[PDB]
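All remarks here apply to the structure that follows.
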Amino acid sequence: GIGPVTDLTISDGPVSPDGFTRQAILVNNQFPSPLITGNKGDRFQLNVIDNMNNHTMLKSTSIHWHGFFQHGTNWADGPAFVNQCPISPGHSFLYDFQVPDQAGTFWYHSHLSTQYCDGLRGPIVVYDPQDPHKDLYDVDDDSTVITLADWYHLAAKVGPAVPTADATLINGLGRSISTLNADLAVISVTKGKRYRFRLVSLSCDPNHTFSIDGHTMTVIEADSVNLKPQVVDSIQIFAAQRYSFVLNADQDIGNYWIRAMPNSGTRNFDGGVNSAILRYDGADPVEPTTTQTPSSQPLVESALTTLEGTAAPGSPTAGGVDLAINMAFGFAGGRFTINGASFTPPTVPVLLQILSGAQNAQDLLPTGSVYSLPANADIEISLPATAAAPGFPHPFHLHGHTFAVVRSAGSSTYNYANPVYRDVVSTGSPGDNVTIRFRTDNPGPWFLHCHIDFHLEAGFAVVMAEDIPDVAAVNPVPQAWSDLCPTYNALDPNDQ
Ligand SMILES: *[C@@H]1O[C@H](CO)[C@@H](O[C@@H]2O[C@H](CO)[C@@H](O[C@@H]3O[C@H](CO[C@H]4O[C@H](CO)[C@@H](O)[C@H](O[C@H]5O[C@H](CO)[C@@H](O)[C@H](O)[C@@H]5O)[C@@H]4O)[C@@H](O)[C@H](O[C@H]4O[C@H](CO)[C@@H](O)[C@H](O)[C@@H]4O)[C@@H]3O)[C@H](O)[C@H]2NC(C)=O)[C@H](O)[C@H]1NC(C)=O
Ligand SMILES: *[C@@H]1O[C@H](CO)[C@@H](O[C@@H]2O[C@H](CO)[C@@H](O[C@@H]3O[C@H](CO)[C@@H](O)[C@H](O)[C@@H]3O)[C@H](O)[C@H]2NC(C)=O)[C@H](O)[C@H]1NC(C)=O
Ligand SMILES: [Cu+2]
Ligand SMILES: [Cu+2]
Ligand SMILES: [Cu+2]
């Protein structure tokens, strides 16, 4: 793919991924946005050149590199008004960071408002030259990335505040009910080879239930964390999650349906909606006629475990940490709340408030939304599901960290000995109490929020202000970052 040192030039233009033409956001003249690649420990230098001129889809921008810890580079994490002011139209801004001790499947997306829904979102793969799962497969390359995305015929700021998708795109292609002849994505395999497929959800809202007719999948990585291998025949993947799975192309040469059923919008496969094609070399270039078997081995999150057997942080007892926090979800005045507070973006980004002299979390804006975390501590956060926060199940993402999921959705058990670790978790449905743990090893303000982007826009977020006293020393900011807020604040409102 491109990188790890490359320009990413952002513009507006026409696209037609499901056969319907609409204006959207291009990256290096491409929709969908291009794959970025590098190797474990590389320095990424991603020069984002903002040439957008359409205020309806926002002229300004900021990009989050989803899943990277950003230790010492908190200013590069991406959330607008938490870690930076937006890049302004006609300006460039260099994200310059390293990725020590991570390897797996990631993605990048606009982290300003609901802009990524309008098309600024693509996959990232960070390869490991000693990947512990390499001997399970033969092929892992640009052609084995599989992206899932929601797509809307009206733009994010033009349609309903919580819209309903017209199409699921698989690798940027798919059909809507009015475009049943649109080109489907084709994923090529050769009989007798084994493939590491890297499944990335670029979704703004729906989750997808993914399966491939006639084949099983051996899951080996979740949200960039290596797992013990687990055979499944379907994966429910929530917005912003990733999984690697190995597919053994050991069936008859032919065409097989790839299925990605969303939880909303059109949910069937009639006319080949919500679908793509797995094509064996030597097959007729036509659509599959395969039929779906019910899933008998669906992925179950509580059954996943890390490859390295990593325990949860802290003691193997409820509340056996340094600081435990419960997040009570609600809704008031058309906005989401967490512990009674709705996040509204501040005028001065939270990181710049710290760097300008705010000495504790109580001094930070917005008041009610910011949590102090002590350094070198074990933290436990519970996120009990409730119908009081509409549009559940809500998949929450913690920036700056991987976390142990000690209790998953749909499970009553707590696992401290060998839970899965990941960075986006469904908080499930009423009766659940999804509980996560992490260690504070990364000074800076980090967002924690639902990754349904329309819910984030309606305030469903808090900020974890981790080790405020060390933030300036550990995160020296570059000159170009210091210039973002004065440039942004000088813009006319219609040029934002
Ligand atoms: C910035 O980004 C936003 C968000 O993506 C863009 O917003 C879009 O706005 C339009 C205008 O309100 C929305 O309405 C629909 O527009 C489409 C597309 O129209 C274009 O292509 C047509 C060819 O198929 C063409 O005829 C159009 O040209 C006419 O309009 C322009 C502008 O007014 C004018 O200058 C020309 O002289 C022409 O008169 C245009 O180039 C259009 O197809 C839709 O029509 C359908 O629906 C209406 C009823 O709603 C009906 O009247 C029609 O018969 C038909 O069924 C409709 O007008 C559009 O939905 C928005 N898009 C999204 C994704 O939300 C915005 O345009 C961007 N700005 C720029 C400058 O690109
Ligand atoms: C989801 O799980 C969390 C974490 O277990 C639950 O919150 C915890 O609930 C118990 C009360 O049932 C609290 O214990 C009590 O603490 C008080 C004050 O310290 C003490 O005086 C009592 O004797 C009792 O031990 C606990 O503090 C609370 N934890 C936190 C961090 O807030 C939560 O209720 C669960 N929610 C659902 C819907 O299941
Ligand atoms: Cu993300
Ligand atoms: Cu949500
Ligand atoms: Cu975020």
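Basis: the model, the stated rules and, where named, an outside source; no laboratory instrument gave them. All Cβ positions, even for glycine, are placed from backbone atoms using ideal geometry, and neighbour counts span all protein chains on display.
Somewhere in the stretch 343-362, is a residue within 16 Å of ligand 4 (Cβ to nearest atom) and outside the structural domain of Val82 (by CATH)?
There is at least one residue in the stretch 343-362 that is within 16 Å of ligand 4 (Cβ to nearest atom) and outside the structural domain of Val82 (by CATH).
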Consider only pairs whose beta carbons are under 6 Å apart and that are at least six residues apart or on different chains; among these, list those whose first residue lies in the stretch 480-496 and is on the phi < 0 side of the Ramachandran plot and surrounded by fewer than 16 Cβ atoms within 10 Å (Cβ to Cβ) and whose second residue is of a type in the set (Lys, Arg) and in a loop (DSSP other than H, G, I, E, B).
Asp495/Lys59
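A quick yes/no check of all residues on (1) in contact with a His (Cβ under 9 Å, 6 or more places away or on another chain); (2) within 16 Å of ligand 2 (Cβ to nearest atom):
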| site | (1), (2) |
| --- | --- |
| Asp378 | no, yes |
| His397 | yes, no |
| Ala409 | no, yes |
| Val425 | yes, yes |
Residues satisfying the stated conditions in the stretch 277-333, i.e. of a type in the set (D, E, K, R) and within 16 Å of ligand 2 (Cβ to nearest atom)
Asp322
Exception for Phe454 within (1) within 21 Å of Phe68 (Cβ to Cβ); (2) surrounded by fewer than 24 Cβ atoms within 10 Å (Cβ to Cβ); (3) within 16 Å of ligand 5 (Cβ to nearest atom) falls at (1)
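Counting only residues that are in contact with an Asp or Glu (Cβ under 9 Å, 6 or more places away or on another chain) and closer than 13 Å to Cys117 by Cβ, which one in the stretch 24-35 is surrounded by the most Cβ atoms within 10 Å (Cβ to Cβ)? Even if it seems obvious, please write down each step before you answer.
First, pick out the residues of the stretch 24-35 that are in contact with an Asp or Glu (Cβ under 9 Å, 6 or more places away or on another chain): 24-26, 28, 35.
From what is left, the residues that are closer than 13 Å to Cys117 by Cβ are 24-25.
On the way: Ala24: 22, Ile25: 25.
Among those residues, the one meeting the criterion is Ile25.
Any chance the stretch 259-281 includes a residue that's in a loop (DSSP other than H, G, I, E, B) and in contact with a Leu (Cβ under 6 Å, 6 or more places away or on another chain)? Reasoning before the result, please.
So the first thing to find is which residues in the stretch 259-281 are in a loop (DSSP other than H, G, I, E, B), and the list is 263-269, 273-274, 281.
From what is left, the residues that are in contact with a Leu (Cβ under 6 Å, 6 or more places away or on another chain) are none.
No, the stretch 259-281 contains no residue that is in a loop (DSSP other than H, G, I, E, B) and in contact with a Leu (Cβ under 6 Å, 6 or more places away or on another chain).
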Residues that are out of contact with any strand residue (DSSP E or B) (no Cβ under 6 Å at 6 or more places or on another chain), on the phi < 0 side of the Ramachandran plot and surrounded by 18 or more Cβ atoms within 10 Å (Cβ to Cβ), drawn from the stretch 457-479:
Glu457, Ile468
Residue ID - nearest to ligand 3 (Cβ to nearest atom), chosen from residues in the stretch 73-91 that are over 12 Å from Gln45 (Cβ atoms) and outside any loop (DSSP other than H, G, I, E, B):
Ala80
Six or more apart or on different chains, Cβ atoms under 9 Å: show the pairs whose first residue is in the stretch 280-294 and assigned by CATH to the domain that holds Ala185 and basic (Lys, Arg) and whose second is surrounded by 10 or more Cβ atoms within 10 Å (Cβ to Cβ) and part of a loop (DSSP other than H, G, I, E, B).
none
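Within the stretch 36-71, can you find the residues that are part of a loop (DSSP other than H, G, I, E, B), touching a helix residue (DSSP H, G or I) at 6+ places or on another chain (Cβ under 7 Å) and within 16 Å of ligand 3 (Cβ to nearest atom)? Before you say what the answer is, go through the steps one by one.
Of all residues in the stretch 36-71, those part of a loop (DSSP other than H, G, I, E, B) come to 40-42, 51-54, 58-60, 62, 67-71.
Filter again for touching a helix residue (DSSP H, G or I) at 6+ places or on another chain (Cβ under 7 Å), leaving 58-60, 70.
The one that is part of a loop (DSSP other than H, G, I, E, B), touching a helix residue (DSSP H, G or I) at 6+ places or on another chain (Cβ under 7 Å) and within 16 Å of ligand 3 (Cβ to nearest atom): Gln70.
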Test each condition in (1) touching a residue at least 60 places away in the same chain (Cβ under 8 Å); (2) within 30 Å of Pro100 (Cα to Cα) for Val232 and report the one that comes out false.
(2)
Top-ranked residue in the stretch 385-404 [being over 15 Å from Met327 (Cβ atoms) and surrounded by fewer than 24 Cβ atoms within 10 Å (Cβ to Cβ); ranked as farthest from ligand 3 (Cβ to nearest atom)]:
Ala387
Residue list for the stretch 412-423, restricted to those being within 16 Å of ligand 2 (Cβ to nearest atom) and surrounded by fewer than 24 Cβ atoms within 10 Å (Cβ to Cβ)
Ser412, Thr413, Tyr414, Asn415, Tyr416
With the first residue restricted to the stretch 307-333 and required to be more than 16 Å from ligand 3 (Cβ to nearest atom), and the second required to be aromatic (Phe, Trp, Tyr), Cβ contacts under 6 Å at 6 or more apart or on different chains are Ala312/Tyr416; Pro316/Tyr416
Cβ-Cβ under 9 Å, sequence separation 6+ or interchain: first residue in the stretch 440-468 and farther than 23 Å from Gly314 by Cα and within 16 Å of ligand 3 (Cβ to nearest atom), partner polar (S, T, N, Q) and assigned to a helix (DSSP H, G or I). Which pairs?
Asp453/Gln115
